[PDB]
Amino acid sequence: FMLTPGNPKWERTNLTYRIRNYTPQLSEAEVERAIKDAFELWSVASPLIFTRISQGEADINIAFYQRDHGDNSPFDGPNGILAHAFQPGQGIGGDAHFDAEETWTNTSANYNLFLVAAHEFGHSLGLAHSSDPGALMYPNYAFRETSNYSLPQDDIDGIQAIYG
């Protein structure tokens, strides 16, 4: 596992998140469920607790954007890069952005939103990419059975390293 350079981290263990917009590919409930499950993966392996808020400023903003959206990391249309997130900090810090031009799913078809969101939240918490191909923080998307999916050991060692 690899920690984000400078070892950024949240000082508080109770964090909020807000879904600013949705993709037309899934129902709002389906998007909400995928995001919640993604956060819960991290909760089982750390002392962090995440709460959804419907108005106000959340620690982690979740949004669907396309091409150039003003943050210096433009998306690239279908395929290529799927999403990106920012290290712990105020404002844009901790936020997660998903490429609106992808076909998002909750199945084995590309690109399962749950698995992508799970990976992004690792960044939101201070983790960098892993060189273990079996790790969630590995830099390439790969479908894994989602029903009883839990965090691989490398990812556990990583968040424990920061918050344990």
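Each residue number is its position in the shown sequence, starting from 1. For the two forms, the rigid core is made up of the largest set of C-alpha atoms that agree within 1.5 Å on superposition.
For this session: Rigid core fitted first, then name the stretch among 66-74 and 26-34 whose C-alphas deviate most from the displayed form in 9 other deposited structures of this protein.
Result: Between the two stretches, 66-74 moves farther in 9 other deposited structures of this protein.
Problem set entry | Greatest C-alpha divergence in 9 other deposited structures of this protein once each structure is fitted on the rigid core, 96-104 or 49-57 | So, of the two stretches, the farther one in 9 other deposited structures of this protein is 49-57.
Exercise. Would 48-56 or 96-104 have the larger average of its C-alpha temperature factors, as given in the entry?
Worked result: In the deposited entry, the stretch with the higher C-alpha B-factor mean is 48-56.
For this session: Using only the Cα atoms and their B-factors as the entry lists them, report which of 65-73 and 22-30 averages higher.
Result: Averaged over C-alpha atoms, the B-factors run higher in 22-30.
Problem set entry | Record-listed C-alpha B factor of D132: chain third | Its C-alpha B-factor belongs to the highest third of this chain's values.
For this session: Select lowest, middle or highest to describe the third in which the CA B-factor of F143 falls within its chain in this entry.
Result: For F143, whose C-alpha B-factor we compare with every modelled residue in the chain, the answer is the middle third.
Problem set entry | Position of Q87 among the chain's modelled residues by C-alpha B-factor, lowest, middle or highest third | For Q87, whose C-alpha B-factor we compare with every modelled residue in the chain, the answer is the middle third.
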